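K.L.:
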Amino acid sequence: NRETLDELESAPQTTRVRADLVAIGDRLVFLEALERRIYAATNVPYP
Amino acid sequence: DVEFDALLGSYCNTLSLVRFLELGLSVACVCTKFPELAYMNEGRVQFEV
Amino acid sequence: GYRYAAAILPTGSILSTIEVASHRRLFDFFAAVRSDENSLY
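Protein chains in written order, with the entry's author numbering: chain A, 347 to 393; chain B, 51 to 99; chain F, 10 to 50.
#1: Residues in the same chain with beta-carbon distance under 8 Å from A/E381, minus the five sequence neighbours each way, listed in chain order, please.
#2: Should F/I23 be flagged as near chain B, meaning a C-beta pair shorter than 7 Å?
#3: Along chain B, in chain order, which residues have C-beta atoms closer than 8 Å to that of A/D352?
#4: Any beta carbon from chain A within less than 7 Å of F/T26's own beta carbon?
#5: Consider the Cβ of A/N347: report whether some Cβ of chain E lies at a distance smaller than 7 Å.
#6: F/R12 touches chain B at which residues, Cβ-Cβ below 7 Å?
#7: Helix, strand or coil: which one does DSSP assign to A/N347?
#8: Output yes if chain F places a C-beta closer than 7 Å to the C-beta of B/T64; else output no.
#9: Name, in chain order, the residues that DSSP records as bridge partners for A/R373.
As structure tokens, this is what we get:
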């Protein structure tokens, strides 16, 4: 139905992170590679 | 123990309207109205050039 | 969607607008309905 109060309340606090954005034609597309970040040095394979 | 089941939010689309004049094609048309069509039965243009 | 009075508040963006159910039909419940059906009421 017309229940437009799905989630728009407060727009909570943002901060600034090291993020890599690219311009694929039109879209502003995020892009990050993550082995050294969180897949590093365990016995879990990378997906 | 307790045991409930859940309806976790539901989401509906908002279907859009289109004014045809709010579209780039209508420069090729002349949107002119005529409230008494169904009795007009004929029409013509005699085109002097 | 199943409980219709819950969907009277949509609380979210109906946003994709692509041909539903010609896709994977992965839904546990979905109803391809015309203008009306008695079970709505």
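Note that the Cβ used here is the ideal one computed from N, Cα and C, for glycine as well.
P.N.:
On the basis of the data shown:
#1: Locating residue 381 of chain A in the first sequence gives position 35, counting from the first residue. Short of 8 Å from the beta carbon of A/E381, and not among the five residues preceding or following it, lie these beta carbons of its own chain, in chain order: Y392.
#2: If you number the third sequence from 1, residue 23 of chain F lands on position 14. It does; some Cβ of chain B falls within 7 Å.
#3: Within the first sequence, numbered from 1, the residue matching residue 352 of chain A stands at position 6. Contact note: A/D352 reaches chain B through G59, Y61, using a C-beta cutoff of 8 Å and chain order.
#4: Position 17 of the third sequence, counting from 1, holds the residue named residue 26 of chain F. It does not; no Cβ of chain A falls within 7 Å.
#5: Although the question refers to chain E, the structure presented lacks it and instead comprises the protein chains A, B and F.
#6: Residue numbering aside, residue 12 of chain F sits at position 3 when the third sequence is read from its first letter. The contacting residues are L57.
#7: Your numbering for residue 347 of chain A matches position 1 in the first sequence. Reduced to three states, the DSSP call for A/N347 is coil.
#8: For the purposes of this step, residue 64 of chain B is identified with residue 14 of the second sequence, where counting begins at 1. Closer than 7 Å to some Cβ of chain F, the Cβ of B/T64 qualifies, so yes.
#9: Translated into positions along the first sequence, residue 373 of chain A becomes position 27. Bridge partners of A/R373: A/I370.
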